[PDB]
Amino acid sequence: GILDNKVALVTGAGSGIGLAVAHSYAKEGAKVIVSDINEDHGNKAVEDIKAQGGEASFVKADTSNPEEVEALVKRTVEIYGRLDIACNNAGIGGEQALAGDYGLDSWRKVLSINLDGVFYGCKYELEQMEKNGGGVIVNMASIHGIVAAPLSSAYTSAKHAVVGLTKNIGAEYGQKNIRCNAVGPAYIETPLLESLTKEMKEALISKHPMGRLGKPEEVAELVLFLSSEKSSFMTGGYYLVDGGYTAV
């Protein structure tokens, strides 16, 4: 596989996009640390990866806690000896409210996971990668890293911040054998959108020129490309996988 013997960390890997990324990494021969805040999801993800013949291990972490993220990177090295690839994917949507109505608690929570947790991951991933010859980071952003999501101002602000952080890391580490890029999915059909009525999902779909929502596997293909040596001249960039959402 194209990631043979690389060690890869994925946060939020118990479901959705992160689960598809963990599967993709493992299918291409990486040794994958599956991290999630939910141990049942994380353990099941690992068992499913191994059932297809891949190599994976579970490590629990809440990415909003910098101590836990630091320990997660240390545990990755303890288990597999190094860190070559990291995908900072864990995130939450937050409450839906007008900005003037937005709860202080929901603002803090969304920014703590979707931004601070990505920074903590990058921080400790970068420190380990400088010890084993470099590596590659993919940050999960969103279309809402470049356009608004009305009623989700904390999410939009955090995802914009992830785009900026990614530009900074790419520029700073360009000559340190480390690359960092961000992925911007549009709306992806996962059990998270379960509560939407058919009419609500049809309204969402109408905002995608391709006439459907995306699949987690289609995001994971882009993450895999950006994590592999095929993307060797790509750093600091933001890469849409949006069905045309932001083209209009």
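Residue indices: 1-based, along the sequence shown.
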226-234 versus 5-13: which one carries the higher mean Cα B factor per the record?
-> 5-13
For the higher mean C-alpha B factor in the entry, choose 181-189 or 194-202.
-> 194-202
Select one of 219, 45, 33, 210: the residue whose C-alpha shows the highest B-factor in the crystal structure entry.
-> 45
Among 167, 176, 123, 159, highest Cα B-factor in the entry goes to 176
Sorting the chain's CA B-factors, does residue 108 end up in the lowest, middle or highest third?
-> middle
Split the chain's modelled residues into thirds by Cα B-factor; is residue 80 in the lowest, middle or highest one?
-> highest
Comparing against every modelled residue in the chain, figure out the third that the C-alpha B-factor of residue 90 lands in (lowest, middle or highest).
-> highest
Of the three thirds of the chain ranked by Cα temperature factor, residue 100 occupies the highest
Residue 133 by Cα B-factor - lowest, middle or highest third of the modelled chain | highest
